[PDB]
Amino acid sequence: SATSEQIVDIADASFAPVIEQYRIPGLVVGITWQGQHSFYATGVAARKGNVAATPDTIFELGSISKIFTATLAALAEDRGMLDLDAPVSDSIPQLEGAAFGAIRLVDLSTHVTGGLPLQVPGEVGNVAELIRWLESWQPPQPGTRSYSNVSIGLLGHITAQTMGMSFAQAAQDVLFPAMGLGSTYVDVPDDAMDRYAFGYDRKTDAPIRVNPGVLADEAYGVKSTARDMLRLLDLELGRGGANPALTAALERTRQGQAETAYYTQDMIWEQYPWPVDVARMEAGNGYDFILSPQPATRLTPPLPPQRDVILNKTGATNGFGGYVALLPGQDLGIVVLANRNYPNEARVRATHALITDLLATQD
């Protein structure tokens, strides 16, 4: 076996190239492996003040937030508050008879909607106006996976409405405490600001912050630390510590719901075999696969949570670039948080190399 010091050494070497290539101001890697935690932290959370990045630095998760949204929906399902196999129109009755109303709730988390746009339309100013807009929407490519903030965001809206609170309240009062998190937020409070990293715009290098928007809380609203993300990954790896309802909810999100050209689509998580060629993970996380509708076939019943796979999710904002990976058969979870948005494919290549070199130590 290898020391945690040797693990930190491998993380350092795996990400030195991308940090230089994309001028990443600060970067933190968390590793949980066979229940043991290691952290690599380098650079600065904030240039002004030259504040060092640490495992307790808060980063914007971007679309990694959607894992929390999906888990919240599965938690409501386990409590009998909704049925993810039911159509949207059971929750939003005015969409009865509309194509969007016929989508199963679960497919708001698989993105298998038939071509919904990535962003909330600019002519939509709140969720009520969005629902009206969806009354007349027709899927341009029925049956396809169409990666979007709109569908998963509306799943979070539906879920919070069922719980009788705002999405922020549901996440911060119910979900994050059940997960045992200590520095994860939808709304960062004053007492945590000292640790809240700034993101640095690619073109201008200016400090930039994710701003409010329609469905922003529900689709890209979470901020967290490498330390808290390892707590989540431990729960996903089945290390124990969550109540039975949360454990069931996590497991539900790791069921395989649909197959694409490159991976199995779970609830938000995207799942490859392990081992797998890195080029396939680069393609599946590739710009052109993500931005256009892609063929998908439904699994009915779903594939149970798998052992010898890698689950992953990318997440970014204008100022941040993050990545999470889960390898259940290797008892391994990795989170990589950076305060620079750098390409998905580069996050994948660097993390795949880290994983490969890490597992090679026990050869």
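Heads up: residue numbers just count along the shown sequence, starting at 1.
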Of 13-21 and 336-344, the one with larger mean CA B-factor: 13-21
134-142 or 231-239, whichever carries the higher mean Cα B-factor: 134-142
Most elevated Cα B-factor in the entry, residues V186, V127, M193, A249: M193
Identity of residue with top Cα B-factor, from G80, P177, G156, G101: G80
Entry-reported Cα temperature factor of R280, expressed as the chain third it lands in: middle
Cα B factor band for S65 (lowest, middle or highest third within the chain): lowest
Modelled-residue ranking by C-alpha temperature factor, third containing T253: lowest
Third of the chain's Cα B-factor distribution that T264 belongs to, per the entry: lowest
Chain-wide C-alpha B factor ranking for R47, given as lowest, middle or highest third: highest
